[PDB]
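Here we start with a single chain on its own, the form deposited in one PDB entry, put down as structure tokens.
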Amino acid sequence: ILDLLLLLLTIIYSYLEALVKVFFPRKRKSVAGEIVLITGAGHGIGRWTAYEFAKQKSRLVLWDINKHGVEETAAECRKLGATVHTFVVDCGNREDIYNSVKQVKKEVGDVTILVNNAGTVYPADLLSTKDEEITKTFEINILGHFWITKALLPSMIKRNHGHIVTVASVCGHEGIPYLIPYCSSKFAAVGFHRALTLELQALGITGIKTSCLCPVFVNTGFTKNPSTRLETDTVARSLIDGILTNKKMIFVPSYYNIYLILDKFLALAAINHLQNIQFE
């Protein structure tokens, strides 16, 4: 541990020095006039992402099972100057999503930015979880991503223009005890974004971008406490910056991309390779 701590310290110094050389102005795009669909926008990350998009002069479409919350979000987005359309949609229900997309096309148009934010969690050890909760976790956290993307993606492919934002979590990269189904569904969300990015690239679709939001514990009341001993508005600012600069893997806070490559390289020769493989 004495020589291992000093090897990781020298690693982190040169990693935050490489990201500082490449740091020269990344181009910020305009999302003004774009049709943005935000799922789970009735509170937290979704609600504040909607406010960020409202300031950005985007056309908003807000989805959520909570009718009151989504209307409260739309009211404040309209105060910001944006046009907003709210839909009470269960984003874990394939039928509901497909029918609601028919409504969105009729009342608003063809969605150009999709933010798969809606999510659920039922904290418990595996043998205390209920099957009903496990299935519901997968339905909202990943299966729903498939049906909404499948519905909205044809028009994006037609116009060679779109952005699929997958709100996952640090959970999609590292496990957490007592959150097995949730971590699994979040790992599936990272996978979905990953394979989608490679399939879009393989198909030659140059105009559809992808982003993956992986924040640590956020004070939104989603869960009562963090697993290891971050404000909602900060994560919204981090996500909007990522989207506007076409960042594929957005970590909140950014420096967590480093902590993740500190557990994965945790034999002595595993960190040893990550040294000379990086400084070139």
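Only residues modelled in both forms are compared. Throughout, rigid core stands for the largest set of C-alpha atoms superposing within 1.5 Å between the two forms. All residue numbers are counted from 1 along the displayed sequence.
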_I want to verify a possible break: how many residues of the deposited sequence sit between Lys27 and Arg28 without any coordinates (none, 1 to 3, 4 to 9, 10 or more)?_
none
*Count, per the entry, the deposited residues between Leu266 and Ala267 that are not modelled, and return the matching class: none, 1 to 3, 4 to 9, or 10 or more.*
1 to 3
*Mean C-alpha B-factor higher for 251-259, or for 217-225?*
251-259
*Between 166-174 and 142-150, name whichever shows the higher mean Cα B factor according to the PDB entry.*
166-174
*Relative C-alpha B-factor of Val115, binned into the chain's lowest, middle or highest third*: lowest
*Consider only the C-alpha atoms of the modelled residues in this chain, order them by B-factor as the entry records it, and name the third containing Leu80: lowest, middle or highest.*
highest
_Chain-relative CA temperature factor third for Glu52_ = middle
_For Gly40, the third of its chain into which the C-alpha B factor falls_ = lowest
*Relative C-alpha B-factor of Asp241, binned into the chain's lowest, middle or highest third*: highest
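In what follows, reference is made to the form deposited in another entry, a form of this protein that is not presented.
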_With both forms fitted on the core, check whether the Cα of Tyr15 differs by 2 Å or more between the shown form and the other one._
yes
*Could you tell me whether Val22 and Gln201 have their C-alpha atoms closer or farther apart in the other entry than in the shown form, knowing the shift is 3 angstroms or more?*
farther
*Quick one: in the other entry, is the Cα gap between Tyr15 and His173 smaller or bigger than here? Answer closer or farther; it shifts by 3 Å or more.*
farther
*Superpose on the core, then tell me which runs of at least 3 consecutive residues have all their CA atoms shifted by 2 Å or more between the shown form and the other one.*
1-23, 226-228
